[PDB]
Amino acid sequence: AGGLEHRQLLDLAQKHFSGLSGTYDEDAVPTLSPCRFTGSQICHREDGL
Amino acid sequence: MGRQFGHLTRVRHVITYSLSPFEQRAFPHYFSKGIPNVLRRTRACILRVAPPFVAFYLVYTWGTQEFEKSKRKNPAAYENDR
């Protein structure tokens, strides 16, 4: 963002980021898994502080 | 009454973890480990609890036996005869 034209940024990315690769192997793009919230309580009682 | 949480004692470098009561079973491994626990607890005290009360039953089983024997008549009919 700034005083830059979108065409210049796209062309610059095409020049340098074209060497980047995707879908490397069977993993390709890994997917996330849900994380379960757990009602709990942690108490680090330190009276010095 | 001049004593509440905040000034009870000085506790340092102790971390505690706990779970929500709704995220854990109220009766977890009740008979799986509770029953083997009670056997452990009973043995740890049966050598200091049972002998004092075992003696009382021995007193019971003898103090009551002698009482009926006193009420029972004894064969002391001699020296009178016919």
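Residues numbered from 1 in each chain as written, not as in the entry; some residues may be left out. Chains lettered and ligands numbered in written order. Part of a larger assembly, values for the part shown. Heavy atoms only, no water.

As recorded in the PDB header, cryo-EM is the method behind this entry, and the stated resolution is 3.0 Å.

S.K.: Looking at this structure, I do not really get a nonpolar patch on the surface. What am I missing?
M.R.: Residues and elements named next belong to chain B. Among the surface-exposed residues, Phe27, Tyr30, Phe31, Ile35 and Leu39 lie close enough to one another that they form a single nonpolar patch of about 620 Å² accessible area. Among the secondary structure elements, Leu39 is positioned in helix α1 (residues 30-71). Of the residues examined, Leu39 reaches a relative accessible area of 61% and is grouped as exposed. (Patch = residues over 30% accessible without salt bridge, like charges linked within 9 Å, V, L, I, M, F, W, Y side chains within 5 Å. Areas by Shrake-Rupley, 256 points an atom, 1.4 Å probe, with all protein chains shown as cover. Salt bridge = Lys/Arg side-chain N within 4 Å of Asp/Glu carboxyl O. Helix = DSSP H or I, 4+ residues; strand = E, 2+ residues; numbered from the N terminus. Buried < 20%, exposed > 50% of the residue type's maximum accessible area, 1.4 Å probe, protein only.)

S.K.: I keep staring at unusual backbone geometry and nothing clicks. Help me out?
M.R.: Backbone geometry follows two general trends: most residues other than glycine have a negative phi, and most peptide bonds adopt the trans configuration. In this structure, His13 of chain B is a non-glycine residue whose phi angle is positive, near 60°. A relative accessible area of 52% places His13 of chain B in the exposed class.

S.K.: Please explain the side chain of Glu46 of chain A as it appears in this structure.
M.R.: Secondary-structure assignment places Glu46 of chain A in the segment after β1 (40-45). On the accessibility criterion, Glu46 of chain A (16% relative accessible area) is buried. In this structure the side chain of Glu46 of chain A is engaged in a polar contact, spanning 2.8 Å, whose partner is the side chain of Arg12 of chain B. Look past the residues within four positions of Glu46 of chain A in its chain and what remains in contact with it is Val11, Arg12 and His13 of chain B. (Polar contact = N/O pair within 3.5 Å; in protein donor to acceptor, adjacent residues only side chain to side chain. Contact = heavy atoms within 4.5 Å.)

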